[PDB]
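Next up: just one chain, as structure tokens, the form deposited without this ligand.
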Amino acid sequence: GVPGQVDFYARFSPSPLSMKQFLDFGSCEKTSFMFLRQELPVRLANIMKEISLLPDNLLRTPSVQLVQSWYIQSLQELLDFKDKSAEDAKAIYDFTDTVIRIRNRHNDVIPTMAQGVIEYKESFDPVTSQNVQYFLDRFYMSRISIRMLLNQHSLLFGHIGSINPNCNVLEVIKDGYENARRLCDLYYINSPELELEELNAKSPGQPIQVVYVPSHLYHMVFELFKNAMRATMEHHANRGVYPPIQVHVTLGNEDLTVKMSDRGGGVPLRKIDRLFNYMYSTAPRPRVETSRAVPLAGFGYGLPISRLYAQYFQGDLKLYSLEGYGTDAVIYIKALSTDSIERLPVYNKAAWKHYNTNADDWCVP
């Protein structure tokens, strides 16, 4: 029934698009329909197979069950169009209406899945916890890709969709800074200043722009600023003098890089990857019923999701920290829209084996 549909579409591989293709298209509703009536079921079905491989106590949570029920409903609604005619205009219109409805239904997928993990952790493992980390990177990257497709179609047929062909990088950074700073001031009653430096090596003294999704770049920098500010305010709390956060932006031949440096006291190498681990960073949401300021770290996986945003278009986000001193966080983005290609998970025997496999070739410490 539903298993059959899921199995049919999960056999296919998702088809990644480049940023250039997203843009080239946006700057024909029927062409989009033709692509999406296959691609959306494919992307939904591939990730739904891995939802089914979760630890039973996680899968059974009401939050995960709800997310799964959304996916099942959206899959079914999309599959109503497989036999319809590209040339029948109502079919087109209802596809567009169905894209909008799904987009709304799935609006809160990220925090709902995160609440699922809280419910799991709250009520109940180190073995299957590797399975949880593997799944959530893939589930959230999948969701980022699905949301991209839904946003493009909805914006175009309901700036090129959500893509800005001339994204002003330093402007987005300063927006990130100001909104993070506001939260810092609310929690710590003080905040570090920003020192911002740029180098357009590609062509010196010219504005730094790239083809990008500004909200993706904003999410990354806003989350890193929160992380930098927290460490700085907690580290220097005794002194009452707070070193600024230093941001250096470089546009190279191939890489746009954003380095964010703080003097927040750092983290030893053994622990620093914890910032990207879902289970370690799984914390209950603050209660609504308080006027007490919201902390700069906690619920909602800002950092692991920031890194997924960077990697989604073949970029990356790396942290390195000097324990006792401070931390540098580096966002790497492809300078060229032709190098910016969707990074998409696929369900197959290799994915399955990852849930179902585990002496090493190095000695144990």
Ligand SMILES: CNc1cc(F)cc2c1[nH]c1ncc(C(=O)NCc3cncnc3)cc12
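Whichever C-alpha set is largest while still superposing within 1.5 Å between the two forms counts as the rigid core. Note that residue numbering follows the sequence shown and begins at 1. Residues that one form lacks are left out of the comparison.
Keep in mind the form deposited with this ligand bound is missing from the figure; the text below concerns it.
- The stretch from 107 to 115, 266 to 274, 68 to 76, 203 to 211 that comes within 4.5 Å of this ligand in the entry with it bound, counting heavy atoms only, is 266 to 274.
- Just one of 169, 144, 251, 260 comes within 4.5 Å of this ligand in the entry with it bound, counting any heavy atom, and that one is 260.
- Of the listed positions (58, 51, 333, 303), a single one reaches within 4.5 angstroms of this ligand by any non-hydrogen atom in the entry with it bound, namely 303.
- Residues 224, 231 and 327 are all found to lie within 4.5 Å of this ligand in the entry with it bound, as judged by heavy atom distances.
- Among the candidates 299, 332, 70, 35, displacement between the shown form and the other one reaches 2 angstroms at the C-alpha for one position only, 299 (superposition on the rigid core).
- With a change of no less than 3 Å, the CA-CA distance between residue 298 and residue 324 is smaller in the entry with it bound than in the form shown.
- Segment displaced between the shown form and the other one is 298 to 300 alone (run of at least 3 consecutive residues, each Cα moved 2 Å or more after rigid core superposition).
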